[PDB]
Colleague: 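Below is one structure. I have some questions about it.
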Number of protein chains: 2
Amino acid sequence: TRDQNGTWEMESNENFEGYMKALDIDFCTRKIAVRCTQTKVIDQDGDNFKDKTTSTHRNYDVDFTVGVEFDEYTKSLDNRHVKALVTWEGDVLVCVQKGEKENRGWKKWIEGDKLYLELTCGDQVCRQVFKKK
Amino acid sequence: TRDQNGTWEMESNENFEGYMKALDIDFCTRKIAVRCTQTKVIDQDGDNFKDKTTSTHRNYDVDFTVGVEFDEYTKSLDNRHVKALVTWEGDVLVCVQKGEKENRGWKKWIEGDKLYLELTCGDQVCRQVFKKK
Ligand SMILES: [Zn+2]
């Protein structure tokens, strides 16, 4: 059928590597690009097409208990092992990530409708904000 | 509140570049990570936490009419300029991407609840399959 309208979720991606290498995309980018699963949204009106494609990768699982030390392998970032410990400070969840990097950790808290996550490493602070679906 | 349960969508990410650089993440990775939007699913039972995080980025937004050649800038892959012409062959969309690369194009068709996208560059063929959601 000529009807391609709809939302489509990638289930297989054979030889993405060879196609990308043929397109002269550098290996470091190809290694990342094969990990993510594409979603395609097609809006079709006769012979007129709109195609919006995004791609998603899975970062990590992290399971923990407040007050219990745990090894965190940061596979979605720098691929290091840290000994993490999460504690409450009021309503703020505070994590110290013990390891090679000095002053590494994060803070996580709710402010009404929004989740705030502050990541630190050395003198660098990254501030993230999330909203509910 | 200490209740962080929920599906949290990133709306802001300040200085993720500087944080990643402090972690010695190399530029090839930082340049894609900086334009991802995270989805954080938190399941929390008292002091026990599970956090599943994914990240999504844009790939392409194409708008075309069958039979009308259009200019395409392949930002999601090699960022080249091609002149794309899409025609029907039966119920298969067939595209030639005229440009610097030889024998570049793609075919796109439906079978059942699946969408097939065959991408070709030179002697390399990538076969993607998508399931209708
Ligand atoms: Zn990706």
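First the proteins, then the strands, lettered A, B, ... as listed; each starts at 1.
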Colleague: Select, from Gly18(B), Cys121(B), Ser55(B), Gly67(B), the one with the greatest count of heavy-atom pairs under 4.5 Å involving chain A.
Modeller: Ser55(B)
Colleague: Ring-plane angle category for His57(A) and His57(B), please: parallel below 30°, perpendicular beyond 60°, tilted otherwise.
Modeller: tilted
Colleague: Can you see which heavy atom on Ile110(B) is nearest to which on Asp3(A), and at what distance?
Modeller: CG1-O, 3.7 Å
Colleague: Give a yes-or-no answer on whether the side chains of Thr54(A) and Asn59(B) include a donor-acceptor pair shorter than 3.5 Å.
Modeller: no
Colleague: Return the option, out of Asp45(B), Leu93(B), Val62(B), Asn48(B), with the maximum number of heavy-atom pairs under 4.5 Å with chain A.
Modeller: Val62(B)
Colleague: Which bit of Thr29(B) comes within less than 4.5 Å of chain A, counting heavy atoms only: side chain, backbone, both or neither?
Modeller: both
Colleague: Within a reach of under 6.0 Å around NZ of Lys133(B), are more than 12 heavy atoms found that belong to other residues, nucleotides or ligands?
Modeller: no
Colleague: Tell me, for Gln38(B) versus chain A, whether the close heavy atoms (under 4.5 Å) come from the side chain, the backbone, both or neither.
Modeller: both
Colleague: Which pair of heavy atoms, one from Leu115(A) and one from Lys40(B), lies closest together, and at what distance?
Modeller: CD2-CD, 4.4 Å
Colleague: Compare every heavy atom of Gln128(A) with every heavy atom of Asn13(B), then report the nearest pair and how far apart it is.
Modeller: OD1-NE2, 3.1 Å
Colleague: Between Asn79(B) and chain A, with a heavy-atom cut-off of 4.5 Å, which part of the residue counts as in contact: side chain, backbone, both or neither?
Modeller: neither
Colleague: Check the side chains of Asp47(B) and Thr65(A) for a donor-acceptor pair under 3.5 angstrom, ignoring hydrogens and angles.
Modeller: no
Colleague: Work out which heavy atom in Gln124(B) is nearest to a heavy atom in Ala22(A); give both atom names and the distance.
Modeller: CG-CB, 3.8 Å
Colleague: Which value, rounded to the nearest 0.5 Å, describes the distance between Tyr116(B) atom OH and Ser12(A) atom OG?
Modeller: 8.0 Å
Colleague: Quick check for you: among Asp51(A), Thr56(A), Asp43(A), which has the greatest number of heavy-atom pairs under 4.5 Å with chain B?
Modeller: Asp51(A)
Colleague: Counting only heavy atoms closer than 4.5 Å, note whether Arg30(A) contacts chain B via side chain, backbone, both or neither.
Modeller: neither
Colleague: What is the distance from atom CG of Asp78(A) to atom CG of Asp26(B), rounded to the nearest 0.5 Å?
Modeller: 11.5 Å
Colleague: Please work out which of the three classes, parallel, tilted or perpendicular, describes the rings of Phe49(B) and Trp88(A), given edges at 30° and 60°.
Modeller: tilted
Colleague: Less than 4.5 Å to any heavy atom of chain B: does that hold for the side chain of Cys36(A), its backbone, both, or neither?
Modeller: side chain
Colleague: Is it possible for you to say whether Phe70(B) and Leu119(B) belong to one hydrophobic cluster, with membership spreading through side-chain heavy-atom contacts below 4.5 Å?
Modeller: yes
Colleague: Which atoms of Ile25(B) come close to chain A, meaning under 4.5 Å heavy atom to heavy atom: side chain ones, backbone ones, both, or neither?
Modeller: side chain
Colleague: Quick check for you: among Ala33(A), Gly112(A), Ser76(A), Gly90(A), which has the greatest number of heavy-atom pairs under 4.5 Å with chain B?
Modeller: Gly90(A)
Colleague: With a 4.5 angstrom heavy-atom cut-off, which part of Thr120(A) approaches chain B: side chain, backbone, both or neither?
Modeller: backbone
Colleague: Mind listing the closest non-hydrogen atom pair of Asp91(A) and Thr1(B) along with its distance?
Modeller: OD2-N, 2.7 Å
Colleague: Quick check on the hydrophobic clustering: are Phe64(A) and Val96(A) connected, directly or via other members, by side-chain heavy-atom contacts under 4.5 Å?
Modeller: no
Colleague: Heavy atoms only, distances under 4.5 angstrom: which of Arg80(A), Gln4(A), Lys101(A) has the most pairs with chain B? Name it, please.
Modeller: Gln4(A)
Colleague: Counting only heavy atoms closer than 4.5 Å, note whether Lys31(A) contacts chain B via side chain, backbone, both or neither.
Modeller: neither
Colleague: Most heavy-atom pairs under 4.5 angstrom with chain A, which of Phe130(B), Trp109(B), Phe16(B)?
Modeller: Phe130(B)
Colleague: OG1/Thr74(A) to CG/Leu23(B) distance, rounded to the nearest 0.5 angstrom?
Modeller: 7.5 Å
Colleague: Out of curiosity, does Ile42(B) fall in the hydrophobic cluster containing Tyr60(A) (side-chain heavy atoms, cut-off under 4.5 Å, transitive links)?
Modeller: yes
Colleague: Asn15(A) and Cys126(B): which non-hydrogen atoms are nearest, and at how many Å?
Modeller: O-CB, 3.8 Å
Colleague: Under 6.0 Å from the ring centre and within 45 degrees of the ring axis: does the NZ or CZ of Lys131(A) meet both conditions for the six-membered ring of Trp8(B)?
Modeller: no
Colleague: With chain A, which of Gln44(B), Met20(B), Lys114(B), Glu17(B) has the greatest number of heavy-atom pairs at distances under 4.5 Å?
Modeller: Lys114(B)
Colleague: What distance do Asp61(B) atom CG and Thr53(A) atom OG1 have between them, rounded to the nearest 0.5 Å?
Modeller: 7.5 Å
Colleague: Is the number of heavy atoms from other residues, nucleotides or ligands under 6.0 Å of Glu111(A) CD greater than 12?
Modeller: yes
Colleague: Under 4.5 Å from any heavy atom of chain B, what part of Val125(A) do you find: side chain, backbone, both or neither?
Modeller: backbone
Colleague: When you look at NZ of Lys52(A), are more than 12 heavy atoms from neighbouring residues, nucleotides or ligands closer to it than 6.0 Å?
Modeller: no
Colleague: Below 4.5 Å from any heavy atom of chain A, which atoms of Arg104(B) appear? Answer side chain, backbone, both or neither.
Modeller: side chain
Colleague: Quick one: what part of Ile32(A) sits under 4.5 Å from any heavy atom of chain B, side chain, backbone, both or neither?
Modeller: side chain
Colleague: Measure distances from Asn5(B) to the heavy atoms of chain A and classify the residue's part below 4.5 Å as side chain, backbone, both or neither.
Modeller: backbone
Colleague: Which answer fits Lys21(A), side chain, backbone, both or neither, if we ask what part of it has an atom under 4.5 Å from a heavy atom of chain B?
Modeller: neither
Colleague: Chain B: which of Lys108(A), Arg2(A), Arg58(A), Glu100(A) shares the most heavy-atom pairs with it under 4.5 Å?
Modeller: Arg2(A)
Colleague: Grouping I, L, V, M, F, W and Y whenever their side-chain heavy atoms are under 4.5 Å apart, do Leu117(B) and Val82(B) come out in a common cluster?
Modeller: no
Colleague: Do you know which of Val129(B), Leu77(B), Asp123(B) has the most heavy-atom pairs with chain A at a distance under 4.5 angstrom?
Modeller: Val129(B)
Colleague: Assigning hydrophobic clusters by single linkage (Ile, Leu, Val, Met, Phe, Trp, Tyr; side-chain heavy-atom cutoff under 4.5 Å), is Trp106(A) placed with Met10(B)?
Modeller: yes
